[PDB]
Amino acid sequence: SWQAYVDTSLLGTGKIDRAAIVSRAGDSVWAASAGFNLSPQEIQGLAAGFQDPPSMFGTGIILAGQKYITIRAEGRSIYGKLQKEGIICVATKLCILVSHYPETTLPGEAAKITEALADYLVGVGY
């Protein structure tokens, strides 16, 4: 299940405290961890971000009612920071992985893990 990816593969690392998997077109949430609610406006904006990544620097990244400073924005990867916390968003063929990381994990760790789950999903065809 997509929930199994959120629970086991992302949250189960101990380095990502909140996660979601959303359609790549930004029309729905396929799976999300408890209390991490991404509005239709937020996922549509993020999806639009992958189609015009330089624009994400001006707007920042708004997810679950919180704005993050845009640190990386490219075709498949959009990263944000909020002090020592942040989010990693990676587009696969069919989905977008969203990973929030807390104070105690390095951005590099969180990026590495969700980039990896992304390539895996691309390899499988999703």
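For every residue, the number given is its place in the sequence shown, counted from 1.
Trainee: Comparing 60 to 68 with 23 to 31, which stretch shows the greater average C-alpha B-factor in the deposited entry?
Mentor: According to the entry, 23 to 31 carries the higher average C-alpha B-factor.
Trainee: Quick check on the deposited entry: does the C-alpha B-factor of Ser77 sit in the lowest, middle or highest third of its chain?
Mentor: For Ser77, whose C-alpha B-factor we compare with every modelled residue in the chain, the answer is the middle third.
Trainee: Where does the C-alpha B-factor of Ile113 rank in its chain, lowest, middle or highest third?
Mentor: Its C-alpha B-factor belongs to the lowest third of this chain's values.
Trainee: What third of the chain does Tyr126 rank in for C-alpha temperature factor, lowest, middle or highest?
Mentor: Within its chain, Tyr126 is a highest-third residue by C-alpha B-factor, going by the deposited values.
Trainee: Name the third of the chain's ranked CA B-factors that contains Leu38, choosing lowest, middle or highest.
Mentor: It falls in the top third of the chain.
Trainee: According to the PDB entry, is the CA B factor of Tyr5 in the bottom, middle or top third of its chain, that is, lowest, middle or highest?
Mentor: Within its chain, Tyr5 is a middle-third residue by C-alpha B-factor, going by the deposited values.
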